[PDB]
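Quick note on labels: first sequence line is chain A, next is B, and so on, each numbered from 1. What you see below is based on every heavy atom in this structure, not just the backbone, and it leaves out hydrogens, waters and symmetry mates.
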Amino acid sequence: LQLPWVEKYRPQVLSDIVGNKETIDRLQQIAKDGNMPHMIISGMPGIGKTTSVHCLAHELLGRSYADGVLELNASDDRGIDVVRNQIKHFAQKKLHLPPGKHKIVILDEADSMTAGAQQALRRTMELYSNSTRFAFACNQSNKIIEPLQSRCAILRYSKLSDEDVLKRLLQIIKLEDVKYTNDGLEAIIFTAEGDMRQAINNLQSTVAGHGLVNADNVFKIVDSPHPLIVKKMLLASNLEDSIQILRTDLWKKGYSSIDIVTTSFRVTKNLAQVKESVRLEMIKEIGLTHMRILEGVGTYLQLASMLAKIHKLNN
Amino acid sequence: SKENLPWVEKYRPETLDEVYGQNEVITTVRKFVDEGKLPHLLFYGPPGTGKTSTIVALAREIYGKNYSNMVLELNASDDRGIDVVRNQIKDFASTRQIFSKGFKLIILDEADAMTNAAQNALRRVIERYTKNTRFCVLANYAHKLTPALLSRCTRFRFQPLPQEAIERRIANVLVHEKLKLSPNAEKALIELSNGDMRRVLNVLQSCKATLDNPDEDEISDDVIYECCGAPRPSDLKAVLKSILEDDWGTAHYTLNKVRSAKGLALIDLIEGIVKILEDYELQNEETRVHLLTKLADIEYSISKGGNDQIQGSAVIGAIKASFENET
Amino acid sequence: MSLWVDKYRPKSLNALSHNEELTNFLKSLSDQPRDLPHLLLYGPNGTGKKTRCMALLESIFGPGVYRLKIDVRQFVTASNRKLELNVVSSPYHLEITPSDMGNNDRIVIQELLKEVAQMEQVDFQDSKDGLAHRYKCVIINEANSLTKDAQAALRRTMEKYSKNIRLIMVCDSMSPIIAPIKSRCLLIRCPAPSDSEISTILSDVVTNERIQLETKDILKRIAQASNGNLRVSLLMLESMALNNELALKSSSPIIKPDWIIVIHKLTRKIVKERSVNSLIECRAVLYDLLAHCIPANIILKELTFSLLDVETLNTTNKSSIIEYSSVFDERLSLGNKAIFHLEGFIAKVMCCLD
Amino acid sequence: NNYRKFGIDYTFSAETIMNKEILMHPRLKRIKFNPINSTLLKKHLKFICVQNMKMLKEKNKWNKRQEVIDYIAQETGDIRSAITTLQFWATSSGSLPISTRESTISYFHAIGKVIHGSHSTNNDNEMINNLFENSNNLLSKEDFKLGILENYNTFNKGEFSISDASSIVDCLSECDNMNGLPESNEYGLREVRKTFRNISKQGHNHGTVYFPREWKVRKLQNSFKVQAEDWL
DNA sequence: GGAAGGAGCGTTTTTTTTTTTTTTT
DNA sequence: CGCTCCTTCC
Ligand SMILES: Nc1ncnc2c1ncn2[C@@H]1O[C@H](COP(=O)(O)OP(=O)(O)OP(O)(O)=S)[C@@H](O)[C@H]1O
Ligand SMILES: Nc1ncnc2c1ncn2[C@@H]1O[C@H](COP(=O)(O)OP(=O)(O)OP(O)(O)=S)[C@@H](O)[C@H]1O
Ligand SMILES: Nc1nc2c(ncn2[C@@H]2O[C@H](COP(=O)(O)OP(=O)(O)O)[C@@H](O)[C@H]2O)c(=O)[nH]1
Ligand SMILES: [Mg+2]
Ligand SMILES: [Mg+2]
């Protein structure tokens, strides 16, 4: 069959990863040099952490990749016994590698690892660092215990810029010979919200549905991120405007009340314009409405009353 | 066999052509299957919009009548802990097709009920076995899905059912049955449906029951209101007019009489009055603030029981006080 | 010997000496106990509700209802948290206080009571032919303190197995009782005795004990100090008689519960000073009161009414005080830790007074 | 995967690992260590940089060694982490933002941050957001609200208006009714911080903070229950 | 004889349901 | 994070 473009066009070399130019350049330097230290790679979903670690391991180990890499993720058994036996035996293995090259243990989604396993990892890292190096990949670097962080170089991946997403989208379009327009690519990038995976999925969906990637065609399938709609609803200077946004853009589109209130809390946490007193009062009202929704009264009237209270506070 | 089934199940769409209202999603998924490039799917929407029906119909179209042999369906009624993801889903996704029939399909219905650990374990299962397997996740509440899972799925939103699709399905059901529905009854049914087909079908079945001789008796709006025990628009209009114009004693008597005539519940009256007032043109906005806050408080109090008469008097007083601002 | 609260406790309906109408109603209930419905007795604490229930049971069965013994029943939670409950029993009835189980009270309803309801009580007939059946009587003390889950569990047990069991619940307030449970019960209001009847009972006790009383007025004062709690009246009468060489006089002090005096001192302190440090010391006093397992809502009532008894305060101050009391009583009902709400009430009162 | 709320699964420390009898045993001596101070860490970082003078000079990063050393010293007290960060920086020809391992703040440090604010950050919203993003485990525990309730009086040794104390306590009481939602904790902490910032002044002398005493009350209540059962 | 820097203190710990890991089995 | 005492450095 035909693979989805998200997996079909997964970068296979470090030079095809867009964004985080400084970090990717440093990874390329490490690959060409060899002296890879223990590292932690943190960042939001779909920005290239897994791809970056895999590409770096491949470039470092060459043909020895099969015998020199041990990959484990949240879908595998990773308990304390695994650390005691499998990882320990891999780190004990004597493998002849070119100078400056070490075995690599990739621990994808390391944040989910249990406390006992993480504590056990300390001793193996202490003992087998001369021949083995650890690459953790996670979304929250703080979920790795401090004794493990103390041994690793930290690398934080930032959200991808519109320029990098556009460049990769153009490369994919050229490879696939896809017909498009500037407004269509703008809409895809705007709906991706910095997630390259979502951008590729939306591009593929639009192409399959209609082929030509225009703004109207993109917005027929893809929806604008509802956090922005919630921000617009909260920032409306008129009660009727907020109510109209809540009705037309969220309620009648099938968005659940619980999702609306959770997104409202998340957005209100990041409103830079408002004062602290107003912000905390809005948070209180959102929390009370959330309590009411959890009890079973998830009605449009409750959300309208929440908006009315927020507007009252703004005055 | 099908005759004994409840209408909500007897009229479940079998093919994608029987799914109405979701034209964009159906179009896109049909073309994807036509080209055989199905990606990982997320179906997000409110109850009774056609998500489960659509996914089952798509599986039928892909695998014909033998879809039960190469589709792994799991829902909230099944345990789906991290152990289940690690063993059962993993083994199904990592094994060959029955007869090399392309890729396999795993349906995770009501996936918002899955634990965070299981969803985290699902990420690499989805990613690594994409060549051989495709995942479908159905949900009504997106906030229960981890960001990593959301990033991996192509998202499709099932909207509340438009009026035209509901009318078409009602016509189909009326033809299948020996039933006659009046235009006013159809309008009332659409209004009370709120975009959910299940409610439409259940109310239609109850209305057919209510008829003494369904072979010749026609369903009217009165039959619909009797079956649902809901207030009529005239009742709501009269109550609101009495509240906004008549004195306290007259308003109390009017509310009591209207409720006692057909045993109407206060919550439905409040909901109808709120619908009516949402379209009111108010020169003072503070009136809307008072109305919304007080009526929401009354609804929350009613949700826990309490004294019915006090709650009705509270509704009357709240509306009067709020509309004193317009003065 | 036994305390005078229990020593002179009436043991039959004819022995009741106050609220004659209630006695007549109970006797009417005992006329044909064959179809006795479930009962819910509500009224002020210490008025004689449990005494009246026991008198009703004695009327139905006989004096043997007062031959009580205690058993310990073990329950295991879903977390394997083993724990125990005290079950009082007489050959004709059972007595339980599931609220002592806290949030686990529901387990008691789901395991113990249901089983008791399911086991039909039959016995060989002494003279007639065939077995005889008799419904079991179960008393639920502190019914108002049950969690909503336990109250819900009570419903179908009461309805389905009505042939085998009849519940008699006792509470001091019906506000916390869910509507279905009230619907399933015959509600019996138990008024508190008047000052005259309390004084008569105390005078009878005094005569029985041969305690020299200078004047009957003392008894009246005792009544006025008990706020209608007959049990408290008898306890203070005994304490005062023992502390005065079994000779009461008009100058003899009235002994009140120590925590009540502490709350009065706290009220005086709050009135005198309104500052942050005063609030911290009030916190210390509140924590001392809570350490003795005094319920938070009881503390709030007593503090509120002690404050309302202050003569220097004006109408606005008292109105604000009662407003804050109502708000923080609701907050306590819906809260988890009582200290927050008690502190909030005291701080609001300090703000309104200052 | 844990979903457990025991002491050890929350904190890895001597108290949670050992017990009272072991720690208080007369034959066991306990010595507590502090993070390595800025002076020693700077000294050793300079020594390491000197030992690698040749490569640093060749790469043109020798002149900027003092800047990165000073930045590293103020960022962590972990010698191993500091050395690893220095090695990562020096071995890099390009420029990247130097970062060390994150360090959790203590209970009393969090209480002080809420009451008085943070010197580094002037925006209370940013401080609170960072506190909740990085110290969620500490803030979620109900003992934090009790600590705030029992320590807010330390501000100016309790020489502020009763109105502010009433506002803070009423806010905490309202938060106690929110079924432990995150919004409740956020609202409570924000209220406390805003109230104290509204009255912050240079001429203030603050008192000593203490752990909440609820545990003592619980022990006394348990003893009372035992005594009452005996009496019964 | 001015701070600047630093250390030490300010502490204790079950419970509802439900899910999960670990160890011995 | 704030307060209270012992160095450390010029
Ligand atoms: N910087 C990128 N450049 C090119 N493609 C990218 C990039 N980031 C993501 N993608 C694309 O999206 C797919 C997934 O990338 P990943 O490396 O798995 O993202 P991720 O950050 O590891 O997501 P998480 O943390 O596992 S949810 C890749 O196969 C690429 O096709
Ligand atoms: N688009 C639709 N077209 C025709 N019938 C529908 C449609 N949607 C729902 N129904 C009818 O309502 C019944 C339920 O449809 P479902 O597909 O199960 O809705 P749903 O969106 O999956 O509900 P949830 O999210 O699981 S509560 C079907 O058997 C159909 O008879
Ligand atoms: N002489 C006399 N004593 C009573 C009467 N009613 C109650 N008492 C006594 O006063 C006390 C009342 O406390 P109690 O029975 O526990 O009432 P409850 O707490 O409301 O259930 C008991 O010690 C009784 O012995 C009565 O009618 N006559
Ligand atoms: Mg990844
Ligand atoms: Mg479904």
Side-chain angles (χ1 to χ4, degrees), chain A residues 74 77-84 112-118 120, chain B residues 79-86 113-121, chain C residues 76-83 101-107 147 149 336, chain D residues 1-11 13-17 19-20 23 31-42 73-74 77 105-121 127 131 138 141-144 146-147 150-151 154-157 179-180 193 196 200 204-219 222:
Chain A
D77 186 8
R78 295 196 304 198
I80 191 164
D81 193 83
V82 179
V83 180
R84 280 200 208 103
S112 65
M113 282 185 90
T114 67
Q118 283 200 62
Chain B
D79 186 51
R80 301 178 290 188
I82 192 162
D83 211 67
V84 163
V85 172
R86 272 195 313 251
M114 281 174 66
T115 69
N116 272 255
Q119 288 184 58
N120 285 328
Chain C
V76 192
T77 73
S79 49
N80 198 58
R81 182 210 180 159
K82 316 185 169 165
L83 56 61
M101 291 294 245
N103 294 337
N104 288 107
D105 51 343
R106 99 192 275 175
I107 290 304
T147 58
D149 289 353
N336 300 318
Chain D
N1 302 39
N2 174 45
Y3 262 60
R4 199 149 70 93
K5 310 186 179 68
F6 284 46
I8 189 149
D9 325 302
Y10 225 124
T11 43
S13 65
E15 281 81 9
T16 67
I17 292 161
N19 57 40
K20 189 175 177 181
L23 296 173
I31 294 169
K32 299 176 171 180
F33 277 55
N34 303 300
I36 300 160
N37 60 59
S38 189
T39 306
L40 297 158
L41 201 75
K42 280 205 207 85
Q74 303 345 324
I105 80 181
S106 74
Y107 176 92
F108 306 105
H109 193 170
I111 298 283
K113 282 174 93 74
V114 167
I115 287 163
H116 305 283
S118 210
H119 278 253
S120 53
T121 315
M127 182 276 282
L131 200 62
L138 179 47
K141 279 157 58 43
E142 177 49 29
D143 66 328
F144 194 76
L146 281 171
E150 278 212 336
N151 286 303
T154 60
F155 189 89
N156 208 15
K157 279 176 209 209
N179 299 290
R193 183 81 279 282
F196 278 134
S200 280
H204 280 343
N205 282 335
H206 309 299
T208 300
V209 297
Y210 291 106
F211 201 61
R213 76 193 103 164
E214 187 86 21
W215 56 279
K216 284 131 151 168
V217 175
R218 254 171 296 157
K219 288 215 307 313
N222 294 338

Query raised in the report: Is the phosphate of F:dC1, meaning OP1 or OP2, less than 4.0 Å from a side-chain N or O of D:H116?
Result: no
Query raised in the report: Applying a 3.5 Å limit to both distances, which nucleotide forms a Watson-Crick or G-U wobble pair with E:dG10?
Result: F:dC1
Query raised in the report: When you measure from the side chain of B:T115, which nucleotide among F:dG2, E:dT19, E:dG6 comes out closest?
Result: E:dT19
Query raised in the report: When we call it a touch if two heavy atoms are under 4.0 Å apart, what does C:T77 touch: a base, just sugar-phosphate, or nothing?
Result: nothing
**Report entry** Side-chain N,O (D:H204) to OP1/OP2 (F:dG2) below 4.0 Å
**Finding:** no
Query raised in the report: Touch check for A:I80, heavy atoms < 4.0 angstrom, all strands: base, sugar-phosphate only, or nothing?
Result: sugar-phosphate
Query raised in the report: Under 4.0 Å: is that the gap between some side-chain N or O of C:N103 and OP1 or OP2 of E:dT16?
Result: yes
Query raised in the report: Can you check whether C:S79 has a side-chain N or O nearer than 4.0 Å to OP1 or OP2 of E:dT16?
Result: no
Query raised in the report: With a non-hydrogen cut-off below 4.0 angstrom, is D:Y107 in contact with a base, only sugar-phosphate, or nothing?
Result: base
Requested in this report: Examine E:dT21: is either OP1 or OP2 under 4.0 Å from a nitrogen or oxygen in the side chain of B:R86? Give yes or no.
Outcome: yes
Report task. Pick base, sugar-phosphate or nothing for D:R213, based on heavy-atom distances below 4.0 Å to the nucleic acid. Result -> nothing
Query - Short side-chain N/O contact from D:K113 to OP1 or OP2 of F:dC1, under 4.0 Å - result: yes
Query raised in the report: Touch check for D:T11, heavy atoms < 4.0 angstrom, all strands: base, sugar-phosphate only, or nothing?
Result: nothing
Query raised in the report: So, is D:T16 near the phosphate of E:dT13, with a side-chain N or O under 4.0 Å from OP1 or OP2?
Result: no
Requested in this report: Please state whether the phosphate of E:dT19, meaning OP1 or OP2, lies under 4.0 angstrom from any side-chain nitrogen or oxygen of D:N2.
Outcome: no
**Report entry** Nucleotide nearest D:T39 when distance is taken to its side chain, options E:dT16, E:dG10, E:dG6
**Finding:** E:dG6
Requested in this report: Just call it for C:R106: base, sugar-phosphate, or nothing, with non-hydrogen atoms closer than 4.0 Å on any strand.
Outcome: nothing
Query - Span that lies between the P atom of F:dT8 and that of E:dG5, in whole angstrom - result: 15 Å
